[PDB]
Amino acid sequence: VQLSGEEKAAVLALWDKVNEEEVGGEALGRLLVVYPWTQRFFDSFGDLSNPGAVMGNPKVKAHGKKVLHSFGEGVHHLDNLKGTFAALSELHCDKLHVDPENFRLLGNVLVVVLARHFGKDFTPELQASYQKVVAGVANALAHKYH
């Protein structure tokens, strides 16, 4: 679950620039739109029928911020991913019954949203480092499962 010393430096330096509100809200919104079955877990939020309603939903934006803040804990604790997500692993696996594959799907959507926000600066080398972080976060969340 780790990267080169120069990888962490690059990963964290980019995070200094991430707006958790804008990125978080877009990531959760694109998850619900691209993989519709995930809407099933957020019916309490309201109308999620079309992308217009989803991206403009305040609940989606607010929750997306919370999710992104969690990835932030991950990024700042890469050596202790399992411990950082123990509580959330219990919630998502034992309480919500969310299939693990979905942890991996949200991870990639997030990377796609980072690519859209930083453009040519999100180099293939930078993405490669983030594919490790996202993989690690997903694995740690699936721990309490197995």
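The numbering used is simple: start at 1 and walk along the sequence shown.
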| property | result |
| --- | --- |
| Entry-level comparison of average CA B-factors, 88-96 and 112-120, reporting the higher stretch | 88-96 |
| Given 44-52 and 25-33, the range whose Cα B-factors average higher in the PDB entry | 44-52 |
| Out of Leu105, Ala62, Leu78, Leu68, residue topping the C-alpha B-factor column of the entry | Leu78 |
| Cα B factor band for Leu126 (lowest, middle or highest third within the chain) | middle |
